[PDB]
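Heads up, the thing below is written out as structure tokens.
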Amino acid sequence: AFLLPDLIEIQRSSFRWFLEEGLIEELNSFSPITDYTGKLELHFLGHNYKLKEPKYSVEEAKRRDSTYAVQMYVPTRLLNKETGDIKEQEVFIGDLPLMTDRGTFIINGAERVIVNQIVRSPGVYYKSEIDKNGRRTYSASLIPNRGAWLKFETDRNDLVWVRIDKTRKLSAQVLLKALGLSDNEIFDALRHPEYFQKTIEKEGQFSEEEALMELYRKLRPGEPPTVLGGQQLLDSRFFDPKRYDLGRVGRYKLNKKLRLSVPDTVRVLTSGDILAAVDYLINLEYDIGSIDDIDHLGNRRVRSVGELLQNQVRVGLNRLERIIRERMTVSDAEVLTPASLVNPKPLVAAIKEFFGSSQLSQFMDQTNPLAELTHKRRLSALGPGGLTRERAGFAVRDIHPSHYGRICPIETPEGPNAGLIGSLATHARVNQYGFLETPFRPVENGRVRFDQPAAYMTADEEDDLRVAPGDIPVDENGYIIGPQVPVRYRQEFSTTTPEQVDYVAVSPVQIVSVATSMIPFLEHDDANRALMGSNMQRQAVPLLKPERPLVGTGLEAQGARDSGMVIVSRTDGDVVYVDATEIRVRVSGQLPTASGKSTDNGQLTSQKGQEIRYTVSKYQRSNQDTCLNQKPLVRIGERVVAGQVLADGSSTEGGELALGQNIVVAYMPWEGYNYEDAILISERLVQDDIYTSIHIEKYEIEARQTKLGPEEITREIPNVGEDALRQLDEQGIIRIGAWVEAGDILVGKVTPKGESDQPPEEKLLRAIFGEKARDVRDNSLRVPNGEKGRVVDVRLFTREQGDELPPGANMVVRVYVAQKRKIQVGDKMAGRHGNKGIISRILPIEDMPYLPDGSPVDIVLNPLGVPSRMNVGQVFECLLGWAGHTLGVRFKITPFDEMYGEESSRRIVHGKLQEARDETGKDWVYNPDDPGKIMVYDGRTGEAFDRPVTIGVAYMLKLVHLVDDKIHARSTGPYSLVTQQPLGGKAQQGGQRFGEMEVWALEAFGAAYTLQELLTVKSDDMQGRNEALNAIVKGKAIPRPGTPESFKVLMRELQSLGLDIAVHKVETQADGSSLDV
Amino acid sequence: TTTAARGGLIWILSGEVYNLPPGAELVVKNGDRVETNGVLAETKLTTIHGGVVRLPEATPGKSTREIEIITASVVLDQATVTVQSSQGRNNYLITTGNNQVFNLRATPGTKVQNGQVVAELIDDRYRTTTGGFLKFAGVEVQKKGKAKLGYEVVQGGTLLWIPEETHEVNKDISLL
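Line order of the protein sequences matches chains D and S.
By the numbering used here, the letter at position 998 of the first sequence is numbered 998, and the numbering carries on one by one without gaps.
Numbers in the numbering used here are just positions in the second sequence, counted from 1, shifted up by 10000.
See below:
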């Protein structure tokens, strides 16, 4: 049907935008500077970022671990108001990471993306409210884009105050700021200036005192005020465009809100506005008009790099400016070149930073294509400008019914962040103001003509109208059918009739988002469960060859396609040379590359063998250590058109998404294993290499001038022999491609250890061996434990090797090690319907109940389903699958199989089965009696049972966080600094923390020594620790503990704070009072 | 907001409902049928005397009038035009055919009233050389508020000067 516009452009667009202009306009707005005395102009033709060009392949920049960027010149102009003379130059000022294929950026060689967030929009708003009785004040409030605010209200007088921040101010003269005659807001309001008139105290004191003491006796107190004062005060605060952006929006709303008339770019405000407000406030004291609800998606706005950036740049400037302001100005009239008077830096920071950190330069994560998408078109509420988790609570997390269509409600982390992080509906997108125009369909006489290329309007939910939910039994040829078609309307649903209706949704699955509108039979499940679903889907590792599932929602080919994890017919051509690393159908020069000569790009390699030499890349690490690669996939000599797709990303398959596989499942209660939240598995499962994935691995290490010296990298190290000085290069590195194991050496380096501190007993033991011992710690690098796996690579980094290292390091070495992994007991692994499950036993294949045809089934989940999960949806499709599994044919589908009085999905599926018999007559393919139930024997001995069990194929999926990702142990190890208690943090020998509630399970029990000791000897009596340890090594018990540390610490503090702690004993018959350490 | 008269029923009537701007001076009154867009409200709004009508451009938005008395079509002819951005920016010097030169106190196309600034004349005459005393004899202009700036310089053949040098500086009695 429709056309899915590109679904990430969201941020393609933005950037381009900016780029295309989004900063010129700022820029040259900031172009005009000039001496401190108007006498020496410093303006520039800010209308060209004249940017020379990126230096690196992307690839490079990865390899160089550098920030793909650009850099960027501004021609400037003829300077000075003393003798008007140019000393013209241009300048670049900074490097700009000019985006990437995935519409994101990479920097420092890593890979990141900038989320886009969502905030309220400048303009004005009113909130009224009650007392404890019903005194129903109002308020008002203003927000620039940037700059302070202006607050108003009505405090049981009906008489009012121009508060500025929260309640900073409060003046009866709410509208007597910079206006004489008074009538301008006494009669020009033609309403109720202070309910018709005047405050009580409508005193009109504002002659020479105008803009004086108002901004002093109850502002900003404590100075001999000065009518200037007050003035130069306000006018700052609202007039230097310097600091008050309304925001195009700003206007744009206003006016709209108040059909003010001020178009005018009037990027900052007026008076007439102000009052205009105030009226409105009044008018509704009298109640003529509406308070405003910010929750309404419409009056709330989302913004992306384009400006996030941009403005952040602006501040870059200002800072810069100053520097210049003087450095340019104050000094003499010659030296001042349009060159050494400007410096990047501050910009280069600001951005270098912005990216380099915000909360928005998030890392990408490329687990798998759709984890991207959905992480680009994610949008967020938090962030600087936003909220915090705390400072915003709840009803600000809910489905304001305007989200409809615009924010998949199904979609959310949790943790606290529920609600704070939504993603984007499928079809949504945004208007240059940064509200989400929502595609729809114009139904005439309550009937969509379809022809309409949708209806890209309804940026806000208040189209206000008959709007139909894109799930309508629709008469062929337009007409709706039921005279009871619902509709939202003014945020309400409402029984409607087909005639008097306007708007239909383009589809019944738009409000949802990625991983949500994809559920095979969504329509049929709990929501939340489907929540989980989605997410799981994002976490499915990718596999050697993730197969396109069987029953899928149609909607995906695209999704893949726009990952940009695949490789797409750029243009056009009929393949020729395609080895497994590129498709020289490209730089070769024949029909591929040459209808890559049909029509022949602007600058690009317009005909020849073109750098349509796409490479294609094997096994690169991911933000999750997962590997990716795109085998040629296409044949040779054949015919492709742009947008087609050439080779496949990690886990996509026919050029379409493919997240996991599909295997035959049964539902029964296998004793113990599977008993509950447990899954069985045949052995063939991973025996066929299905479900095994890759993972690979960064390992770097580096050497560094101790002020003892260097420390190095030798082949040689003391104390070696096999797994040491064996699988080791001349610099003690490894050869590419070397098995390794769990303790062997990655790279060996030593250290200038020397001595200068030793126990006589060590000197002894020399003497006896009189070994003149060596002197060099030897921090080789060893594979830790529980790793395997070939080595892919190394990446040395020293003066010559890029020298990318901390100040004073010599070599840095990366090393990369990969790893197949089969499945194995212990792996979250779940379906597309919140089917969180863990492997428990694997059965050798010849024990599972197989099938009537003996085909051994192979998972076996628990039958009783759709409980709290309410995900009955998944049987539906199992079944289905199985149909297209026996029929051996994939089938797309869509949630909400409506236009059918009955379940529809229900008589499909049967139908298919049904007929599936007879195309093979296998018969047991389908049993109307006990639908899709089957007999089953069971391998172990050879019988079915009283109750036939359903059977289906089904698409499962295996999940990143893998057992090894969470395993730990610690006999003992490194402690803390200050507080010596073992160093528990996850990577490295950590330790289980026993918080109060945990101790509340110990002292709550009976004999609690343990408690005690646990509190100490395995965490603190320092000496206690040791010598226990010992004491067991001895072979006996352990000695009595002492007092833990952290006590002693507490002493200290407290003592360090005006105390006289006398912990102390009271001994002797003379009872003796002492004190202690 | 009260209850009904003891409460019973409340209504509509059909009889269609017009949504009638302040700028909807209507022509149609109770109990008149006119037709579907019969003629109906027409707004003969009004202004008054003032100056020119400089046709509020009919156009200048969608419609967007701007309905003026324009009035002071001041013929300052021979305001001749020597005007540029040298290491300044623009100045219809308004040299005039008499080479008077009325520089741009108001510059072009601003809008200011009440003793508004207008035009600035040059003269090197009655200007003094390098400072000095003006032991003049006999012009007339008042204290006037503005024996200062704001001058109705009445009458003078009469203004004699002692243009002087002037070098006035705190420091010790230390040097020359």
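Cβ coordinates follow ideal geometry from the N, Cα and C atoms, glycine included.
Hey, how far is the Cα of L347/D from the Cα of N28/D? Translated into positions along the first sequence, residue 347/D becomes position 347. Translated into positions along the first sequence, residue 28/D becomes position 28. Between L347/D and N28/D, the C-alpha separation is close to 15 Å.
When DSSP labels each residue in this structure, what does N184/D get in the three-state scheme? Counting from 1 along the first sequence, the entry for residue 184/D is found at position 184. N184/D carries a helical assignment under DSSP once its states are collapsed to helix, strand and coil.
With 16 other Cβ atoms within 10 Å as the buried cut-off, status of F876/D: On the first sequence, residue 876/D is found 876 positions in, with the first residue counted as 1. Residue environment analysis places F876/D among the buried positions, since at least 16 neighbouring C-beta atoms fall within 10 angstroms of its C-beta.
Residues that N80/D contacts on chain S, provided the C-beta gap is smaller than 7 Å: For the purposes of this step, residue 80/D is identified with residue 80 of the first sequence, where counting begins at 1. Going along chain S in sequence order, the residues near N80/D (Cβ under 7 Å) are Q10087.
Sub-9 Å separation of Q874/D and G865/D beta-carbons: The residue labelled residue 874/D in the question sits at position 874 within the first sequence. The residue labelled residue 865/D in the question sits at position 865 within the first sequence. Their beta carbons are under 9 Å apart, which means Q874/D touches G865/D by this criterion.
Residues of chain S with CB closer than 7 Å to the CB of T83/D, please, in chain order. The residue given as residue 83/D occupies position 83 in the first sequence. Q10087, listed in chain order.
Any C-beta of chain S under 9 Å from that of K39/D: Indexing the first sequence from 1 puts residue 39/D at position 39. Taking CB atoms only, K39/D has a neighbour in chain S less than 9 Å away.
Output yes or no for whether 9 Å exceeds the beta carbon distance between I10162/S and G10132/S. Along the second sequence, read from residue 1 onward, the residue named residue 10162/S stands at position 162. Along the second sequence, read from residue 1 onward, the residue named residue 10132/S stands at position 132. The criterion of a C-beta distance shorter than 9 Å is satisfied by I10162/S and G10132/S.
What is the DSSP secondary structure of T593/D, counted as helix, strand or coil? Start at 1 with the first residue of the first sequence, and residue 593/D comes out as number 593. Under the three-state reduction of DSSP output, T593/D falls in the helix class.
Inter-residue spacing [alpha-carbon to alpha-carbon] between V568/D and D65/D: Residue numbering aside, residue 568/D sits at position 568 when the first sequence is read from its first letter. Residue numbering aside, residue 65/D sits at position 65 when the first sequence is read from its first letter. Between the C-alpha atoms of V568/D and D65/D there is a straight-line separation of about 26 Å.
Which value, in whole angstroms, describes the spacing of the CA atoms of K922/D and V825/D? For the purposes of this step, residue 922/D is identified with residue 922 of the first sequence, where counting begins at 1. For the purposes of this step, residue 825/D is identified with residue 825 of the first sequence, where counting begins at 1. The alpha-carbon atoms of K922/D and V825/D are separated by roughly 35 Å.
Using only the alpha-carbon positions, how far apart do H910/D and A515/D sit? Here residue 910/D is taken as the residue at index 910 of the first sequence, counted from 1. Here residue 515/D is taken as the residue at index 515 of the first sequence, counted from 1. Linking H910/D to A515/D through their CA atoms gives a straight-line distance of about 26 Å.
Can you give me the Cβ contacts of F891/D inside the same chain, cut-off strictly under 6 Å, excluding the 5 residues immediately before and after it? In the first sequence, counting from the first residue as 1, residue 891/D sits at position 891. For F891/D, where only same-chain residues beyond five positions count, the Cβ hits under 6 Å are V551, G884.
Nearest-angstrom Cα distance between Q992/D and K966/D? Here residue 992/D refers to the residue found at position 992 of the first sequence. Here residue 966/D refers to the residue found at position 966 of the first sequence. Approximately 13 Å, taken between the alpha carbons.
Taking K822/D as part of the beta strand (DSSP E), name the residues at either end of that continuous run. Residue 822/D sits at position 822 when you count from the first residue of the first sequence. According to the DSSP assignment, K822/D belongs to the beta strand (DSSP E) that extends over 819 to 822.
Along the chain, which unbroken stretches of the beta strand (DSSP E) at least 3 residues long are found entirely within the stretch 547 to 571 of chain D? With a minimum length of 3 residues, no continuous beta strand (DSSP E) run stays inside the stretch 547 to 571 of chain D.
Could you pull the start and end residues of the beta strand (DSSP E) that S29/D belongs to? Numbered from 1 along the first sequence, position 29 holds the residue referred to as residue 29/D. Taken as a continuous stretch (DSSP letters only), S29/D belongs to no beta strand (DSSP E), being part of the alpha helix (DSSP H) at 24 to 30.
Which same chain residues, not among the five before or five after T10129/S, have their C-beta less than 6 Å away from its C-beta? Here residue 10129/S refers to the residue found at position 129 when the second sequence is read from its first residue. Cβ within range, chain order: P10163.
Could you check whether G786/D and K820/D sit closer than 9 Å to each other, using their CB atoms as the reference points? Working through the first sequence from its first residue, we reach residue 820/D at position 820. Working through the first sequence from its first residue, we reach residue 786/D at position 786. No, they are not a contact pair.
Give me the residue from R146/D, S141/D, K545/D with the minimum Cα distance to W161/D. In the first sequence, residue 161/D corresponds to position 161, counting from 1. Here the closest residue by C-alpha is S141/D.
Rounded to the nearest angstrom, what separates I839/D and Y673/D at their Cα positions? Position 839 of the first sequence, counted from the first residue, corresponds to residue 839/D. Position 673 of the first sequence, counted from the first residue, corresponds to residue 673/D. Between the C-alpha atoms of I839/D and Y673/D there is a straight-line separation of about 8 Å.
Compare the C-alpha of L879/D against each of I351/D, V640/D, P520/D, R684/D and name the closest. In the first sequence, the residue the question calls residue 879/D occupies position 879. Here the closest residue by C-alpha is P520/D.
Between the stretch 699 to 718 of chain D and the stretch 834 to 850 of chain D, can you find at least three pairs of beta-carbon atoms closer than 8 Å? No, the stretch 834 to 850 of chain D is not in contact with the stretch 699 to 718 of chain D.
Is the stretch 465 to 472 of chain D in contact with the stretch 485 to 494 of chain D, if contact means three or more CB pairs nearer than 8 Å? By the Cβ test, the stretch 465 to 472 of chain D is in contact with the stretch 485 to 494 of chain D, since at least three Cβ pairs between them sit closer than 8 Å.
Quick check for students: name the residue ranges of the beta strand (DSSP E) that lie wholly in the stretch 250 to 307 of chain D, counting only runs of 3 or more. At a cut-off of 3 residues, the continuous stretches assigned as beta strand (DSSP E) that sit fully inside the stretch 250 to 307 of chain D are 300 to 303.
Cβ of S595/D within 9 Å of Cβ of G306/D? For the purposes of this step, residue 595/D is taken as the residue at position 595 of the first sequence. For the purposes of this step, residue 306/D is taken as the residue at position 306 of the first sequence. Going by C-beta atoms, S595/D is not nearer than 9 Å to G306/D.
Short check: CB of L78/D to CB of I86/D, under 9 Å? For the purposes of this step, residue 78/D is identified with residue 78 of the first sequence, where counting begins at 1. For the purposes of this step, residue 86/D is identified with residue 86 of the first sequence, where counting begins at 1. Note that the C-beta distance between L78/D and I86/D is below 9 Å.
How far does the beta strand (DSSP E) with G123/D in it reach, from first residue to last? For the purposes of this step, residue 123/D is identified with residue 123 of the first sequence, where counting begins at 1. From DSSP, the beta strand (DSSP E) with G123/D extends over 123 to 125.
Indicate whether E82/D and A333/D have their beta-carbon atoms separated by less than 9 Å. Here residue 82/D refers to the residue found at position 82 of the first sequence. Here residue 333/D refers to the residue found at position 333 of the first sequence. The answer is yes: Cβ separation under 9 Å.
Rounded to a whole number of angstroms, what is the C-alpha to C-alpha distance between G737/D and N629/D? The sequence position of residue 737/D within the first sequence is 737, counting from 1. The sequence position of residue 629/D within the first sequence is 629, counting from 1. In this structure, the alpha-carbon of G737/D lies about 18 Å from that of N629/D.
Are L957/D and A678/D closer than 9 Å when you measure CB to CB? To locate residue 957/D, count along the first sequence from 1; it is residue 957. To locate residue 678/D, count along the first sequence from 1; it is residue 678. Going by C-beta atoms, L957/D is not nearer than 9 Å to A678/D.
Can you grab the Cα-Cα spacing for the pair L370/D / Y68/D, in whole Å? Along the first sequence, one-based indexing puts residue 370/D at 370. Along the first sequence, one-based indexing puts residue 68/D at 68. Distance between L370/D and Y68/D, taken at the CA atoms: about 24 Å.
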